[PDB]
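Remarks on the structure that follows.
Residue numbers (PDB author numbering), protein chains in the order written: chain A4, 746 to 794; chain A3, 696 to 745.
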């Protein structure tokens, strides 16, 4: 009976962790794109100066 | 006293069965009451987890 209850909590928790990870990767990739875009533009300002 | 001991062996052979029934019934009744409660709580726990 404990093995059934553990299988239920396992799939329920892993369904949550998978969706959280899918969104955190989508966001961290977007935040990376912003940090690179910032570094490229501010580095050009200093090179021109 | 020898005749009393011939009869007393048969009484002690019966008391050994009465004592086996009283001890096994007590031990079984307690153990099965725990097994029933733990099964009810386990089947309930599968639904609570669901």
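Beta carbons: idealized from backbone N, C-alpha and C, even for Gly.
Determine whether the beta carbon atoms of residue i and residue j lie at a separation below 7 Å.
i, j, result
"residue 750 (chain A4)", "residue 744 (chain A3)", "yes"
Just to check my reading of the structure: residue i and residue j have Cβ atoms closer than 8 Å, yes? What is that Cβ distance to the nearest angstrom?
i, j, result
"residue 738 (chain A3)", "residue 746 (chain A4)", "6 Å"
Looking at the structure shown, is residue i part of a helix, part of a strand, or coil, going by DSSP?
i, result
"residue 746 (chain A4)", "coil"
"residue 696 (chain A3)", "coil"
"residue 793 (chain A4)", "helix"
Excluding the 5 residues flanking residue i on each side, which residues of the same chain have their C-beta closer than 8 Å to its C-beta?
i, result
"residue 699 (chain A3)", "none"
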